[PDB]
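Trainee: Can you read through this structure? Questions will come right after.
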Amino acid sequence: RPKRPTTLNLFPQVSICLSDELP
Amino acid sequence: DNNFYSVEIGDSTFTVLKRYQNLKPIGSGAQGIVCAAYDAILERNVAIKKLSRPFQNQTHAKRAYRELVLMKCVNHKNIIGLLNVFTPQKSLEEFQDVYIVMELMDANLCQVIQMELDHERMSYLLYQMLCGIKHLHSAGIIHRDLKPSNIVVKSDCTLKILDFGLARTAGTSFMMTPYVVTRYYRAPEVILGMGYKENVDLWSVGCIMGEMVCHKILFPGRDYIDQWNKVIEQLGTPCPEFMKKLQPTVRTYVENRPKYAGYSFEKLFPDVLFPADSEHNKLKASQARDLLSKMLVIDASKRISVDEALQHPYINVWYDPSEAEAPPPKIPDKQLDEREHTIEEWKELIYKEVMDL
Ligand SMILES: Nc1ncnc2c1ncn2[C@@H]1O[C@H](COP(=O)(O)OP(=O)(O)NP(=O)(O)O)[C@@H](O)[C@H]1O
């Protein structure tokens, strides 16, 4: 069983409800 | 004597308890602007959402009531945690604004979507997302509004679902889904105005997973007729048995569309968009694709459920009953059933919820 990740990087580095109200 | 001070944040004025210091804005949506703050009593950061005059009209009132009631029920590590509810006004006549205080997360999922995720992180995030949904589904709550702006994450790689303003409780009666601005994640049954079960939410997880892989929205539509066309172009005209379930006029328009064939799921998500293939026998590109081809299914009766999704090998490596088989939320004797009350009555309903629990 692989270890769960602990780190996640959040920054890079590199009117009408249904299709029936229109017809 | 006065326990509230009033900060200005652009247009809107936050009047909040003294314990919440150094408010700053972190996000926004239909319901206004969200602030981070330091809670001097708990000695940690929190998030603060403001609902201004939510009883002012029908659709705002239903949306606020649902939010308050369900934030009090939910209890799960992958659902945003409620911390405090208050209003600065002292009586029912004076009542204007509701303030919801929640644990603070670092970002919503739109940030993560542009970057390339390896297999471990992609599958772990979906697993957490599916665990949040199963918890809602385990009491009959259908979210109906999953989309990346409604999922938040922390840089320790945890994930939580929020925004239950569209959530629906269980029932065998048809409920029209409320209008919303970002519609790209609605399932076909919602677009076409059919009855639907809880795995409308699974279709939304399908769109989110495709986006984390494409780094692009799967079914972008200015309009509903635009959106349906993107779906059939990419997945194909659905089977004639699926056509029977439609109402006549919706049926005629859907059968009169050009019959597209749809592409393969290899053609829709080739190995190039997936990271280096793991040596782990389950975290393959071919497995993530397999899971996509079972979520992005037009006909809901053929579509995988949240529970089967958690048993899928791409996801199953992280499985823990304490997370996927956790105690349900306790849904009280209140119906979130799109009934109508007047302005005067919604005001009382919303005020009581703020003052009671
Ligand atoms: N507890 C929180 N922690 C971190 N960010 C949050 C939190 N609550 C809200 N946000 C941010 O504020 C945005 C608006 O959140 P929210 O309002 O709860 O859902 P929404 O559908 O995207 N907009 P809304 O119509 O106001 O409910 C989210 O996309 C997040 O970026």
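Each chain in the structure tokens gets a letter, A, B and so on, in the order shown; residues start at 1 in every chain, and ligands are counted from 1 in the order they appear.
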Name each residue within 6 Å of ligand 1, counting only C-alpha atoms and all ligand atoms, as a PDB file with C-alpha atoms, in the first residue's frame.
Mentor:
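To be explicit, this is the file written out as out23.pdb:
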```
ATOM      1  CA  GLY B  27     -12.842  34.527  -2.710  1.00  0.00           C
ATOM      2  CA  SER B  28     -16.346  35.282  -3.926  1.00  0.00           C
ATOM      3  CA  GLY B  29     -19.464  34.013  -5.631  1.00  0.00           C
ATOM      4  CA  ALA B  30     -23.146  34.628  -6.219  1.00  0.00           C
ATOM      5  CA  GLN B  31     -23.731  35.067  -2.473  1.00  0.00           C
ATOM      6  CA  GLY B  32     -21.039  37.778  -2.061  1.00  0.00           C
ATOM      7  CA  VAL B  34     -15.588  35.521   1.611  1.00  0.00           C
ATOM      8  CA  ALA B  47     -13.227  31.843   6.912  1.00  0.00           C
ATOM      9  CA  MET B 102     -15.865  28.017   8.821  1.00  0.00           C
ATOM     10  CA  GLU B 103     -12.433  26.435   8.990  1.00  0.00           C
ATOM     11  CA  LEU B 104     -10.052  28.137   6.527  1.00  0.00           C
ATOM     12  CA  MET B 105      -8.704  26.303   3.473  1.00  0.00           C
ATOM     13  CA  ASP B 106      -5.834  27.494   1.325  1.00  0.00           C
ATOM     14  CA  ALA B 107      -7.383  27.574  -2.166  1.00  0.00           C
ATOM     15  CA  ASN B 108     -10.252  26.381  -4.259  1.00  0.00           C
ATOM     16  CA  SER B 149     -14.996  26.673  -7.361  1.00  0.00           C
ATOM     17  CA  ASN B 150     -16.901  24.625  -4.734  1.00  0.00           C
ATOM     18  CA  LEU B 162     -18.527  23.395   0.434  1.00  0.00           C
ATOM     19  CA  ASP B 163     -21.546  25.455  -0.716  1.00  0.00           C
TER      20      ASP B 163
END
```
Trainee: Contacts from chain A to chain B, 6 Å maximum, only C-alpha atoms: show me the residue list as a ChimeraX atom specification.
Mentor: /A:6-9,17-19
Trainee: Nearest to residue 20 of chain A among B:308, B:238, B:342, B:248, with distances taken over only C-alpha atoms: which residue is it?
Mentor: B:248
Trainee: Where does DSSP see alpha helix (DSSP H) in segment 224-275 of chain B, if you list the residues as an MDAnalysis selection string?
Mentor: chainID B and resid 224:235 240:244 248:255 265:268
Trainee: May I have the selected residues written with N, CA and C atoms, as a PDB file, in the first residue's frame?
Mentor:
```
ATOM      1  N   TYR B 224     -27.562  26.315 -22.689  1.00  0.00           N
ATOM      2  CA  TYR B 224     -27.836  24.903 -22.508  1.00  0.00           C
ATOM      3  C   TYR B 224     -27.785  24.156 -23.833  1.00  0.00           C
ATOM      4  N   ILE B 225     -28.333  24.744 -24.911  1.00  0.00           N
ATOM      5  CA  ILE B 225     -28.290  24.042 -26.197  1.00  0.00           C
ATOM      6  C   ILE B 225     -26.853  23.955 -26.679  1.00  0.00           C
ATOM      7  N   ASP B 226     -26.058  24.999 -26.412  1.00  0.00           N
ATOM      8  CA  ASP B 226     -24.620  24.922 -26.645  1.00  0.00           C
ATOM      9  C   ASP B 226     -24.003  23.769 -25.862  1.00  0.00           C
ATOM     10  N   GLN B 227     -24.366  23.644 -24.584  1.00  0.00           N
ATOM     11  CA  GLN B 227     -23.700  22.672 -23.730  1.00  0.00           C
ATOM     12  C   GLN B 227     -24.011  21.248 -24.160  1.00  0.00           C
ATOM     13  N   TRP B 228     -25.286  20.958 -24.429  1.00  0.00           N
ATOM     14  CA  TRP B 228     -25.648  19.641 -24.931  1.00  0.00           C
ATOM     15  C   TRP B 228     -24.858  19.295 -26.185  1.00  0.00           C
ATOM     16  N   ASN B 229     -24.662  20.267 -27.081  1.00  0.00           N
ATOM     17  CA  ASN B 229     -23.937  19.978 -28.317  1.00  0.00           C
ATOM     18  C   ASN B 229     -22.495  19.563 -28.035  1.00  0.00           C
ATOM     19  N   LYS B 230     -21.839  20.227 -27.078  1.00  0.00           N
ATOM     20  CA  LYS B 230     -20.500  19.799 -26.691  1.00  0.00           C
ATOM     21  C   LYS B 230     -20.506  18.367 -26.162  1.00  0.00           C
ATOM     22  N   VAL B 231     -21.539  17.989 -25.407  1.00  0.00           N
ATOM     23  CA  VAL B 231     -21.577  16.636 -24.852  1.00  0.00           C
ATOM     24  C   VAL B 231     -21.696  15.594 -25.962  1.00  0.00           C
ATOM     25  N   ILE B 232     -22.643  15.779 -26.883  1.00  0.00           N
ATOM     26  CA  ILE B 232     -22.842  14.762 -27.908  1.00  0.00           C
ATOM     27  C   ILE B 232     -21.678  14.741 -28.882  1.00  0.00           C
ATOM     28  N   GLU B 233     -21.054  15.891 -29.134  1.00  0.00           N
ATOM     29  CA  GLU B 233     -19.888  15.903 -30.013  1.00  0.00           C
ATOM     30  C   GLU B 233     -18.791  14.984 -29.480  1.00  0.00           C
ATOM     31  N   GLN B 234     -18.552  15.034 -28.170  1.00  0.00           N
ATOM     32  CA  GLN B 234     -17.414  14.359 -27.570  1.00  0.00           C
ATOM     33  C   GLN B 234     -17.732  12.927 -27.159  1.00  0.00           C
ATOM     34  N   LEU B 235     -18.949  12.681 -26.655  1.00  0.00           N
ATOM     35  CA  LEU B 235     -19.372  11.363 -26.189  1.00  0.00           C
ATOM     36  C   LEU B 235     -20.269  10.632 -27.177  1.00  0.00           C
ATOM     37  N   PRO B 240     -31.242   5.038 -28.435  1.00  0.00           N
ATOM     38  CA  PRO B 240     -32.680   5.365 -28.562  1.00  0.00           C
ATOM     39  C   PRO B 240     -33.507   5.042 -27.323  1.00  0.00           C
ATOM     40  N   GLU B 241     -33.077   4.107 -26.474  1.00  0.00           N
ATOM     41  CA  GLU B 241     -33.805   3.897 -25.229  1.00  0.00           C
ATOM     42  C   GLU B 241     -33.696   5.111 -24.318  1.00  0.00           C
ATOM     43  N   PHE B 242     -32.523   5.739 -24.278  1.00  0.00           N
ATOM     44  CA  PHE B 242     -32.404   6.978 -23.531  1.00  0.00           C
ATOM     45  C   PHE B 242     -33.303   8.072 -24.098  1.00  0.00           C
ATOM     46  N   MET B 243     -33.625   8.015 -25.396  1.00  0.00           N
ATOM     47  CA  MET B 243     -34.473   9.043 -26.007  1.00  0.00           C
ATOM     48  C   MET B 243     -35.934   8.938 -25.566  1.00  0.00           C
ATOM     49  N   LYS B 244     -36.405   7.725 -25.241  1.00  0.00           N
ATOM     50  CA  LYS B 244     -37.796   7.534 -24.819  1.00  0.00           C
ATOM     51  C   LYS B 244     -38.127   8.335 -23.563  1.00  0.00           C
ATOM     52  N   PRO B 248     -41.906  14.971 -24.991  1.00  0.00           N
ATOM     53  CA  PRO B 248     -42.025  15.193 -26.450  1.00  0.00           C
ATOM     54  C   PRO B 248     -41.204  16.326 -27.080  1.00  0.00           C
ATOM     55  N   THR B 249     -41.369  17.585 -26.632  1.00  0.00           N
ATOM     56  CA  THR B 249     -40.687  18.693 -27.316  1.00  0.00           C
ATOM     57  C   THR B 249     -39.176  18.625 -27.119  1.00  0.00           C
ATOM     58  N   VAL B 250     -38.725  18.372 -25.888  1.00  0.00           N
ATOM     59  CA  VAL B 250     -37.305  18.127 -25.665  1.00  0.00           C
ATOM     60  C   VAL B 250     -36.855  16.933 -26.501  1.00  0.00           C
ATOM     61  N   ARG B 251     -37.714  15.909 -26.600  1.00  0.00           N
ATOM     62  CA  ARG B 251     -37.393  14.713 -27.375  1.00  0.00           C
ATOM     63  C   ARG B 251     -37.199  15.040 -28.854  1.00  0.00           C
ATOM     64  N   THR B 252     -38.114  15.816 -29.445  1.00  0.00           N
ATOM     65  CA  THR B 252     -37.984  16.110 -30.873  1.00  0.00           C
ATOM     66  C   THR B 252     -36.688  16.861 -31.164  1.00  0.00           C
ATOM     67  N   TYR B 253     -36.304  17.795 -30.288  1.00  0.00           N
ATOM     68  CA  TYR B 253     -35.109  18.593 -30.555  1.00  0.00           C
ATOM     69  C   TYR B 253     -33.832  17.772 -30.417  1.00  0.00           C
ATOM     70  N   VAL B 254     -33.809  16.837 -29.468  1.00  0.00           N
ATOM     71  CA  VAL B 254     -32.631  16.007 -29.251  1.00  0.00           C
ATOM     72  C   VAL B 254     -32.472  14.967 -30.364  1.00  0.00           C
ATOM     73  N   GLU B 255     -33.582  14.433 -30.884  1.00  0.00           N
ATOM     74  CA  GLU B 255     -33.520  13.475 -31.981  1.00  0.00           C
ATOM     75  C   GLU B 255     -33.239  14.134 -33.329  1.00  0.00           C
ATOM     76  N   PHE B 265     -12.287   6.973 -25.494  1.00  0.00           N
ATOM     77  CA  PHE B 265     -11.726   7.627 -24.317  1.00  0.00           C
ATOM     78  C   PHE B 265     -10.209   7.689 -24.350  1.00  0.00           C
ATOM     79  N   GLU B 266      -9.585   6.869 -25.198  1.00  0.00           N
ATOM     80  CA  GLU B 266      -8.181   7.047 -25.540  1.00  0.00           C
ATOM     81  C   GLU B 266      -8.004   8.300 -26.378  1.00  0.00           C
ATOM     82  N   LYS B 267      -8.874   8.481 -27.373  1.00  0.00           N
ATOM     83  CA  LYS B 267      -8.847   9.684 -28.192  1.00  0.00           C
ATOM     84  C   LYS B 267      -9.215  10.928 -27.384  1.00  0.00           C
ATOM     85  N   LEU B 268      -9.935  10.772 -26.273  1.00  0.00           N
ATOM     86  CA  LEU B 268     -10.340  11.922 -25.477  1.00  0.00           C
ATOM     87  C   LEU B 268      -9.362  12.238 -24.348  1.00  0.00           C
TER      88      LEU B 268
END
```
Trainee: For a test of reading the model, state the distance in Å between atom CA of residue 314 of chain B and atom CA of residue 282 of chain B, rounded to one decimal.
Mentor: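 Atom CA of residue 282 of chain B lies 5.5 Å from atom CA of residue 314 of chain B.
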Trainee: What lies within 10 Å of residue 69 of chain B using only C-alpha atoms, ignoring chain neighbours under 3 positions off, as a list in words?
Mentor: residues 64, 65, 66, 72, 73, 74, 164, 165, 331, 332, 334, 335, 336, 350, 353, 354 and 357 of chain B
Trainee: Can those selected residues be exported to a file as a PDB file, in the first residue's frame so that it contains C-alpha atoms?
Mentor:
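Final output, saved to result-v7.pdb:
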```pdb
ATOM      1  CA  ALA B  64     -29.588  30.549   2.502  1.00  0.00           C
ATOM      2  CA  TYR B  65     -31.900  28.280   4.520  1.00  0.00           C
ATOM      3  CA  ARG B  66     -30.428  25.206   2.830  1.00  0.00           C
ATOM      4  CA  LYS B  72     -25.179  22.257  10.960  1.00  0.00           C
ATOM      5  CA  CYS B  73     -25.774  18.592   9.974  1.00  0.00           C
ATOM      6  CA  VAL B  74     -22.600  17.738   8.152  1.00  0.00           C
ATOM      7  CA  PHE B 164     -24.730  23.467   0.009  1.00  0.00           C
ATOM      8  CA  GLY B 165     -27.075  26.251  -1.163  1.00  0.00           C
ATOM      9  CA  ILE B 331     -30.903  15.379   8.908  1.00  0.00           C
ATOM     10  CA  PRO B 332     -33.540  16.967  11.170  1.00  0.00           C
ATOM     11  CA  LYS B 334     -36.876  19.949   8.028  1.00  0.00           C
ATOM     12  CA  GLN B 335     -37.670  19.571   4.325  1.00  0.00           C
ATOM     13  CA  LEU B 336     -35.330  21.286   1.857  1.00  0.00           C
ATOM     14  CA  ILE B 350     -33.709  32.041   8.678  1.00  0.00           C
ATOM     15  CA  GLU B 353     -31.869  28.848  12.422  1.00  0.00           C
ATOM     16  CA  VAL B 354     -29.268  31.461  13.327  1.00  0.00           C
ATOM     17  CA  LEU B 357     -28.331  25.891  16.792  1.00  0.00           C
TER      18      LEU B 357
END
```
Trainee: Within 9 Å of residue 296 of chain B, counting only C-alpha atoms, which residues show up once you throw out same-chain ones fewer than 2 positions away? Write them as a ChimeraX atom specification, please.
Mentor: /B:202-207,210,235,291-294,298,303
Trainee: As number ranges by chain, please: the residues near residue 338 of chain B (cut-off 9 Å, only C-alpha atoms, same-chain neighbours under 6 positions excluded).
Mentor: B: 62, 168, 175-176
